[PDB]
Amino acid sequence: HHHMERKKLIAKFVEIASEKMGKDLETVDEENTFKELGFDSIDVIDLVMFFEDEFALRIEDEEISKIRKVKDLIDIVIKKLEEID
């Protein structure tokens, strides 16, 4: 059992936003849209490429374009990590 997987990926999202992207989010809810967090389409691409590199994943362009909510990115990452297993 890999406990706390969502908490951990939200925490990674917050750290990357802060450290790589200069965005202080502090208290993230998974249900927030990226749009409401102030991430535009280009920011989502940068965020995805940062997760890709951190986790040695590949996320297809079609999947990136469908990302709306934080939850969507957390879900994709878990799914890609589960596969690479």
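Don't overthink the numbering: it's just position in the shown sequence, from 1.
Trainee: Averaging the C-alpha B factors as listed in the entry, name the stretch that ends up higher: 5-13 or 21-29.
Mentor: Stretch with the higher mean C-alpha B-factor: 21-29.
Trainee: Report the third (lowest, middle or highest) to which the CA temperature factor of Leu57 belongs, ranking only the modelled residues of the same chain.
Mentor: According to the entry, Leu57 has a C-alpha B-factor in the chain's middle third.
Trainee: Once the chain's modelled residues are ordered by C-alpha B factor and cut into thirds, is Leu47 in the lowest, middle or highest one?
Mentor: Within its chain, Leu47 is a middle-third residue by C-alpha B-factor, going by the deposited values.
Trainee: Can you tell me whether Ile67 has a C-alpha B-factor in the lowest, middle or highest third compared with the other modelled residues of the same chain?
Mentor: According to the entry, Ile67 has a C-alpha B-factor in the chain's highest third.
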